[PDB]
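Engineer: This is start.cif, which holds mmCIF, N, CA and C atoms:
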```cif
data_entry
loop_
_atom_site.label_atom_id
_atom_site.label_comp_id
_atom_site.auth_asym_id
_atom_site.auth_seq_id
_atom_site.Cartn_x
_atom_site.Cartn_y
_atom_site.Cartn_z
N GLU R 1 88.75 119.07 103.28
CA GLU R 1 90.07 118.40 103.38
C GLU R 1 90.94 119.19 104.34
N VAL R 2 90.67 118.90 105.60
CA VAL R 2 91.54 119.27 106.71
C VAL R 2 92.93 118.66 106.52
N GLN R 3 93.95 119.42 106.91
CA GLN R 3 95.35 118.98 106.81
C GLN R 3 96.03 119.16 108.16
N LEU R 4 96.60 118.08 108.66
CA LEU R 4 97.22 118.06 109.97
C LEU R 4 98.71 117.99 109.82
N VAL R 5 99.40 118.69 110.71
CA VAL R 5 100.86 118.61 110.82
C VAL R 5 101.26 118.46 112.28
N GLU R 6 102.03 117.41 112.57
CA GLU R 6 102.60 117.20 113.90
C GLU R 6 103.92 117.92 113.99
N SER R 7 104.20 118.46 115.16
CA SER R 7 105.50 119.04 115.47
C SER R 7 105.72 119.04 116.97
N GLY R 8 106.92 119.39 117.39
CA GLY R 8 107.27 119.40 118.81
C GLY R 8 108.03 118.19 119.33
N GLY R 9 108.28 117.21 118.46
CA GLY R 9 109.04 116.03 118.82
C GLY R 9 110.53 116.28 119.10
N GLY R 10 111.28 115.20 119.19
CA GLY R 10 112.74 115.26 119.37
C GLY R 10 113.33 114.23 120.32
N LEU R 11 114.65 114.34 120.50
CA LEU R 11 115.41 113.49 121.41
C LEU R 11 115.38 114.09 122.80
N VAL R 12 115.01 113.29 123.78
CA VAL R 12 115.03 113.70 125.19
C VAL R 12 115.52 112.60 126.12
N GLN R 13 115.77 112.99 127.36
CA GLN R 13 116.16 112.05 128.40
C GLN R 13 114.95 111.49 129.11
N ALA R 14 115.11 110.28 129.61
CA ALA R 14 114.07 109.66 130.41
C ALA R 14 113.77 110.55 131.61
N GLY R 15 112.48 110.74 131.89
CA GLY R 15 112.02 111.63 132.94
C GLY R 15 111.69 113.04 132.46
N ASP R 16 112.17 113.41 131.28
CA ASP R 16 111.91 114.73 130.71
C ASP R 16 110.49 114.86 130.21
N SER R 17 110.11 116.10 129.88
CA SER R 17 108.85 116.38 129.21
C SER R 17 108.99 116.89 127.78
N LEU R 18 107.88 116.81 127.05
CA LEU R 18 107.74 117.31 125.69
C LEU R 18 106.31 117.75 125.50
N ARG R 19 106.11 118.73 124.63
CA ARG R 19 104.77 119.08 124.17
C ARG R 19 104.70 118.94 122.66
N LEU R 20 103.83 118.06 122.19
CA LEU R 20 103.60 117.88 120.77
C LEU R 20 102.44 118.75 120.36
N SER R 21 102.49 119.23 119.12
CA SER R 21 101.45 120.02 118.52
C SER R 21 100.89 119.26 117.33
N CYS R 22 99.57 119.33 117.18
CA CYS R 22 98.86 118.87 115.98
C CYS R 22 98.16 120.09 115.43
N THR R 23 98.71 120.66 114.36
CA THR R 23 98.21 121.92 113.80
C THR R 23 97.39 121.71 112.54
N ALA R 24 96.13 122.11 112.58
CA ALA R 24 95.21 121.91 111.45
C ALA R 24 95.16 123.10 110.52
N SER R 25 94.95 122.82 109.26
CA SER R 25 94.73 123.84 108.26
C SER R 25 93.65 123.37 107.32
N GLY R 26 93.00 124.31 106.64
CA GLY R 26 91.94 124.00 105.68
C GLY R 26 90.56 123.91 106.31
N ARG R 27 90.48 123.38 107.54
CA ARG R 27 89.21 123.31 108.28
C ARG R 27 89.44 123.64 109.74
N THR R 28 88.38 124.09 110.40
CA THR R 28 88.43 124.39 111.83
C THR R 28 88.45 123.12 112.66
N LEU R 29 89.23 123.20 113.73
CA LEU R 29 89.47 122.09 114.63
C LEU R 29 88.25 121.75 115.47
N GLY R 30 87.46 122.78 115.79
CA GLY R 30 86.17 122.64 116.45
C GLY R 30 85.20 121.67 115.83
N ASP R 31 85.42 121.32 114.56
CA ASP R 31 84.56 120.38 113.83
C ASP R 31 84.97 118.92 113.88
N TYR R 32 86.03 118.62 114.61
CA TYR R 32 86.60 117.28 114.62
C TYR R 32 86.95 116.78 115.97
N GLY R 33 86.86 115.47 116.12
CA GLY R 33 87.46 114.78 117.25
C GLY R 33 88.90 114.55 116.83
N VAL R 34 89.85 114.75 117.74
CA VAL R 34 91.26 114.64 117.40
C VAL R 34 91.93 113.66 118.34
N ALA R 35 92.69 112.73 117.76
CA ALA R 35 93.44 111.78 118.54
C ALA R 35 94.89 111.74 118.12
N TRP R 36 95.72 111.39 119.10
CA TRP R 36 97.11 111.03 118.91
C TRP R 36 97.24 109.51 118.95
N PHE R 37 98.00 108.99 118.00
CA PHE R 37 98.43 107.61 118.03
C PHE R 37 99.94 107.60 117.98
N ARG R 38 100.53 106.47 118.32
CA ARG R 38 101.98 106.33 118.25
C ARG R 38 102.35 104.98 117.66
N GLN R 39 103.38 104.96 116.82
CA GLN R 39 103.84 103.73 116.19
C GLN R 39 105.31 103.54 116.47
N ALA R 40 105.60 102.62 117.39
CA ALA R 40 106.96 102.23 117.74
C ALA R 40 107.47 101.25 116.67
N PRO R 41 108.80 101.07 116.55
CA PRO R 41 109.30 100.24 115.43
C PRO R 41 108.80 98.79 115.49
N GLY R 42 108.17 98.35 114.39
CA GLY R 42 107.65 96.99 114.22
C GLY R 42 106.25 96.74 114.73
N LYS R 43 105.69 97.70 115.46
CA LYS R 43 104.35 97.62 116.01
C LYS R 43 103.33 98.43 115.20
N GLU R 44 102.07 98.25 115.54
CA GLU R 44 100.97 99.03 114.96
C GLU R 44 100.88 100.45 115.56
N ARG R 45 100.09 101.29 114.92
CA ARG R 45 99.71 102.60 115.44
C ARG R 45 98.86 102.37 116.66
N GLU R 46 99.39 102.69 117.83
CA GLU R 46 98.73 102.44 119.11
C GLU R 46 98.06 103.71 119.57
N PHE R 47 96.86 103.59 120.11
CA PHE R 47 96.12 104.76 120.61
C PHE R 47 96.79 105.36 121.87
N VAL R 48 96.86 106.69 121.91
CA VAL R 48 97.47 107.42 123.03
C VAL R 48 96.43 108.28 123.74
N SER R 49 95.83 109.21 123.00
CA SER R 49 94.85 110.12 123.59
C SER R 49 93.87 110.67 122.56
N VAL R 50 92.74 111.16 123.06
CA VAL R 50 91.70 111.74 122.21
C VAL R 50 91.03 112.89 122.92
N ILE R 51 90.56 113.84 122.13
CA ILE R 51 89.81 114.99 122.58
C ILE R 51 88.69 115.23 121.55
N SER R 52 87.48 115.46 122.02
CA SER R 52 86.31 115.57 121.12
C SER R 52 86.23 116.92 120.35
N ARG R 53 85.25 117.03 119.44
CA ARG R 53 84.88 118.31 118.78
C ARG R 53 84.70 119.41 119.82
N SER R 54 83.96 119.01 120.82
CA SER R 54 83.51 119.82 121.91
C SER R 54 84.64 120.29 122.84
N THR R 55 85.74 119.53 122.87
CA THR R 55 86.83 119.65 123.88
C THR R 55 86.47 119.22 125.30
N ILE R 56 85.29 118.67 125.48
CA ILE R 56 84.77 118.37 126.81
C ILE R 56 85.04 116.91 127.14
N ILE R 57 84.94 116.04 126.14
CA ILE R 57 85.39 114.67 126.28
C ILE R 57 86.88 114.64 125.96
N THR R 58 87.67 114.11 126.90
CA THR R 58 89.07 113.80 126.68
C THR R 58 89.32 112.40 127.22
N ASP R 59 90.19 111.65 126.56
CA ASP R 59 90.52 110.31 127.03
C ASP R 59 91.95 109.89 126.70
N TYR R 60 92.43 108.89 127.45
CA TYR R 60 93.82 108.48 127.44
C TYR R 60 93.97 106.99 127.47
N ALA R 61 95.07 106.52 126.91
CA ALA R 61 95.47 105.13 127.05
C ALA R 61 95.97 104.91 128.48
N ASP R 62 95.81 103.69 128.97
CA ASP R 62 96.22 103.34 130.33
C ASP R 62 97.71 103.59 130.54
N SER R 63 98.53 103.21 129.56
CA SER R 63 100.00 103.35 129.66
C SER R 63 100.51 104.78 129.76
N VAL R 64 99.68 105.76 129.39
CA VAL R 64 100.07 107.20 129.47
C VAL R 64 99.22 108.05 130.40
N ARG R 65 98.12 107.49 130.85
CA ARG R 65 97.27 108.19 131.79
C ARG R 65 98.04 108.59 133.06
N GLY R 66 97.84 109.83 133.49
CA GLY R 66 98.56 110.39 134.64
C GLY R 66 99.85 111.09 134.28
N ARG R 67 100.40 110.79 133.11
CA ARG R 67 101.63 111.40 132.60
C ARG R 67 101.39 112.36 131.42
N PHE R 68 100.53 111.96 130.49
CA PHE R 68 100.25 112.77 129.32
C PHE R 68 98.96 113.51 129.56
N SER R 69 98.83 114.65 128.90
CA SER R 69 97.55 115.35 128.89
C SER R 69 97.32 116.08 127.55
N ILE R 70 96.07 116.00 127.11
CA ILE R 70 95.62 116.53 125.84
C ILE R 70 94.84 117.83 126.02
N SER R 71 95.03 118.76 125.09
CA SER R 71 94.33 120.04 125.13
C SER R 71 94.12 120.60 123.73
N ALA R 72 93.26 121.60 123.66
CA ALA R 72 92.99 122.30 122.41
C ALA R 72 93.23 123.78 122.61
N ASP R 73 93.81 124.43 121.61
CA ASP R 73 93.87 125.89 121.54
C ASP R 73 93.18 126.38 120.25
N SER R 74 91.93 126.79 120.41
CA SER R 74 91.07 127.23 119.31
C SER R 74 91.69 128.38 118.53
N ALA R 75 92.26 129.34 119.25
CA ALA R 75 92.97 130.47 118.65
C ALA R 75 94.09 130.11 117.65
N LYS R 76 94.78 128.98 117.86
CA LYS R 76 95.85 128.51 116.95
C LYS R 76 95.46 127.32 116.06
N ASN R 77 94.24 126.83 116.22
CA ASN R 77 93.74 125.68 115.50
C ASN R 77 94.63 124.44 115.71
N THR R 78 94.94 124.22 116.98
CA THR R 78 96.00 123.30 117.37
C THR R 78 95.60 122.50 118.60
N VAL R 79 95.84 121.19 118.53
CA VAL R 79 95.71 120.28 119.68
C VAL R 79 97.11 119.94 120.19
N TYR R 80 97.26 120.00 121.51
CA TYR R 80 98.53 119.78 122.16
C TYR R 80 98.52 118.46 122.88
N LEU R 81 99.68 117.82 122.95
CA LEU R 81 99.88 116.62 123.77
C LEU R 81 101.08 116.85 124.69
N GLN R 82 100.77 117.22 125.92
CA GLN R 82 101.76 117.42 126.97
C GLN R 82 102.18 116.04 127.43
N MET R 83 103.46 115.73 127.31
CA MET R 83 103.99 114.44 127.71
C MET R 83 105.00 114.64 128.84
N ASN R 84 104.69 114.14 130.03
CA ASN R 84 105.61 114.20 131.17
C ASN R 84 106.12 112.82 131.59
N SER R 85 107.23 112.82 132.33
CA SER R 85 107.87 111.59 132.82
C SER R 85 108.03 110.56 131.71
N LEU R 86 108.67 111.00 130.64
CA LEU R 86 108.86 110.17 129.47
C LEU R 86 109.81 109.03 129.78
N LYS R 87 109.58 107.90 129.12
CA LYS R 87 110.31 106.66 129.38
C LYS R 87 110.83 106.17 128.05
N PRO R 88 111.87 105.32 128.05
CA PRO R 88 112.30 104.72 126.77
C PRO R 88 111.17 104.09 125.94
N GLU R 89 110.21 103.47 126.61
CA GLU R 89 109.13 102.73 125.95
C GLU R 89 108.07 103.67 125.33
N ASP R 90 108.21 104.99 125.54
CA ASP R 90 107.43 106.02 124.80
C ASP R 90 108.06 106.43 123.45
N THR R 91 109.27 105.94 123.17
CA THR R 91 109.94 106.20 121.91
C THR R 91 109.11 105.69 120.74
N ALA R 92 108.62 106.60 119.91
CA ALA R 92 107.81 106.24 118.74
C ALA R 92 107.69 107.42 117.78
N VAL R 93 107.10 107.17 116.61
CA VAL R 93 106.59 108.25 115.75
C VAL R 93 105.19 108.54 116.25
N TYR R 94 104.92 109.80 116.59
CA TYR R 94 103.58 110.21 117.05
C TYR R 94 102.79 110.90 115.94
N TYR R 95 101.62 110.34 115.66
CA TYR R 95 100.69 110.86 114.69
C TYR R 95 99.48 111.48 115.34
N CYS R 96 98.89 112.45 114.66
CA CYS R 96 97.57 112.93 114.99
C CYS R 96 96.64 112.71 113.82
N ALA R 97 95.35 112.73 114.13
CA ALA R 97 94.31 112.36 113.18
C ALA R 97 92.94 112.76 113.68
N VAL R 98 91.98 112.71 112.78
CA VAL R 98 90.61 113.13 113.04
C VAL R 98 89.66 111.95 112.94
N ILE R 99 88.63 111.96 113.76
CA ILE R 99 87.64 110.92 113.71
C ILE R 99 86.89 111.09 112.39
N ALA R 100 86.92 110.06 111.57
CA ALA R 100 86.31 110.16 110.24
C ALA R 100 84.77 110.01 110.26
N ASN R 101 84.20 109.57 111.38
CA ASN R 101 82.74 109.57 111.61
C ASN R 101 82.29 110.40 112.82
N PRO R 102 81.37 111.36 112.61
CA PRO R 102 80.73 112.02 113.77
C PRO R 102 79.78 111.15 114.63
N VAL R 103 79.58 109.87 114.29
CA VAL R 103 78.84 108.92 115.14
C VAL R 103 79.56 108.46 116.43
N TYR R 104 80.89 108.55 116.49
CA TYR R 104 81.66 108.32 117.72
C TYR R 104 82.27 109.63 118.19
N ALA R 105 82.33 109.81 119.52
CA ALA R 105 83.08 110.91 120.16
C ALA R 105 84.47 110.45 120.59
N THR R 106 84.52 109.26 121.19
CA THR R 106 85.75 108.55 121.52
C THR R 106 85.83 107.37 120.56
N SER R 107 87.04 107.05 120.11
CA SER R 107 87.31 105.75 119.54
C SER R 107 88.79 105.45 119.70
N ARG R 108 89.13 104.18 119.88
CA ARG R 108 90.52 103.79 120.09
C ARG R 108 91.07 103.02 118.93
N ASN R 109 90.27 102.88 117.88
CA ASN R 109 90.59 102.04 116.75
C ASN R 109 91.05 102.96 115.64
N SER R 110 92.23 102.70 115.11
CA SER R 110 92.84 103.58 114.12
C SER R 110 92.06 103.65 112.80
N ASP R 111 91.33 102.58 112.46
CA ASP R 111 90.43 102.58 111.28
C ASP R 111 89.32 103.62 111.36
N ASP R 112 88.89 103.99 112.58
CA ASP R 112 87.88 105.05 112.81
C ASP R 112 88.40 106.48 112.58
N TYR R 113 89.69 106.60 112.23
CA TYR R 113 90.38 107.89 112.05
C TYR R 113 90.91 108.10 110.64
N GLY R 114 91.14 109.36 110.31
CA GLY R 114 91.67 109.73 109.01
C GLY R 114 92.44 111.05 109.03
N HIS R 115 92.95 111.40 107.86
CA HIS R 115 93.74 112.61 107.63
C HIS R 115 94.99 112.66 108.49
N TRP R 116 95.72 111.55 108.49
CA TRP R 116 96.89 111.39 109.34
C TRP R 116 97.95 112.41 108.90
N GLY R 117 98.65 112.98 109.87
CA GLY R 117 99.79 113.82 109.57
C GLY R 117 100.99 112.96 109.24
N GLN R 118 102.09 113.60 108.88
CA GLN R 118 103.35 112.89 108.56
C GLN R 118 104.03 112.34 109.79
N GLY R 119 103.70 112.89 110.94
CA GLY R 119 104.17 112.39 112.20
C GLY R 119 105.43 113.09 112.65
N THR R 120 105.66 113.04 113.96
CA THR R 120 106.87 113.60 114.57
C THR R 120 107.59 112.56 115.46
N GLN R 121 108.92 112.52 115.39
CA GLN R 121 109.70 111.53 116.12
C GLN R 121 109.88 111.96 117.57
N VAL R 122 109.64 111.01 118.47
CA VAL R 122 109.96 111.17 119.87
C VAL R 122 110.91 110.03 120.22
N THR R 123 112.14 110.40 120.61
CA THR R 123 113.13 109.45 121.08
C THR R 123 113.45 109.75 122.53
N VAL R 124 113.42 108.73 123.37
CA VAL R 124 113.67 108.89 124.80
C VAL R 124 114.84 107.99 125.21
N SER R 125 116.03 108.56 125.36
CA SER R 125 117.21 107.73 125.67
C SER R 125 117.26 107.56 127.19
N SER R 126 117.91 106.49 127.64
CA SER R 126 118.27 106.31 129.05
C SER R 126 119.68 106.86 129.32
#
```
Mind converting the file's structure to structure tokens?

Structural biologist:
Amino acid sequence: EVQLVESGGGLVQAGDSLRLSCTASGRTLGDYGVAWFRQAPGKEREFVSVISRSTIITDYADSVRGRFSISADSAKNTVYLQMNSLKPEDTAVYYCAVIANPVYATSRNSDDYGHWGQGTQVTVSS
């Protein structure tokens, strides 16, 4: 029973950057594929980015590709989501989660994930 906590959110201006953290406890991060999803008001949890057990596979949603980047820090048991050139339409609650099956390395479907954190708020004002 891995436990995830998101942090690093907050209120920012359009064009600014943020770095979100997904910090694991109870289990090593090296054993899991880790993804970020985001849920804007009234919408579903939308896929943002993923990084494998291995850290060698990384992937991104089209809407954030080129702006966001995902990384792992094994020493802190933490996955980072560097978010640059933020826009109002990036305003959401950002969650992290683990792939609940080792049969996929990438998945974009939220049902394929588990152990969701409480999430962190990202607000991007104009």

Engineer: Could you check how far atom CA of residue 120 of chain R sits from atom CA of residue 10 of chain R, in Å to one decimal?

Structural biologist: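 Atom-to-atom, atom CA of residue 120 of chain R and atom CA of residue 10 of chain R are spaced 7.8 Å apart.
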
Engineer: Of the candidates R:18, R:35, R:27, R:124, which shows the shortest atom-to-atom distance to residue 89 of chain R, using all atoms listed in the file?

Structural biologist: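 Of R:18, R:35, R:27, R:124, the one nearest residue 89 of chain R, counting all atoms listed in the file, is R:124.
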
Engineer: Could you check the closest approach to residue 93 of chain R for each of R:122, R:48, R:24, R:14 and tell me which residue wins, using only N, CA and C atoms?

Structural biologist: R:122

Engineer: State, in Å with one decimal place, the distance from atom C of residue 115 of chain R to atom C of residue 56 of chain R.

Structural biologist: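 Going from atom C of residue 115 of chain R over to atom C of residue 56 of chain R covers 21.6 Å.
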
Engineer: With the PyMOL selection byres (((chain R and resi 81 and name CA) around 12) and name CA) as the selection, what would be picked from this file? Answer as a PyMOL selection string, please.

Structural biologist: chain R and resi 6-9+17-23+34-38+48-51+58-60+64-65+67-73+78-80+82-84+94-96+120

Engineer: Between atom CA of residue 119 of chain R and atom CA of residue 66 of chain R, what is the distance in Å, rounded to a tenth?

Structural biologist: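 Here the two named atoms are 23.2 Å from each other.
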
Engineer: Specify as a PyMOL selection string each residue included when the PyMOL selection byres ((chain R and resi 113) around 7) is applied to this file.

Structural biologist: chain R and resi 97-101+109-112+114-116

Engineer: Find the residue from R:117, R:88, R:15, R:102 that sits nearest to residue 31 of chain R; use only C-alpha atoms when measuring.

Structural biologist: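 Distance minimum relative to residue 31 of chain R lands on R:102.
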
Engineer: Contacts of residue 52 of chain R at 6 Å or less, counting only C-alpha atoms, minus same-chain residues fewer than 2 places along, as number ranges by chain?

Structural biologist: R: 33, 54-55, 57, 105
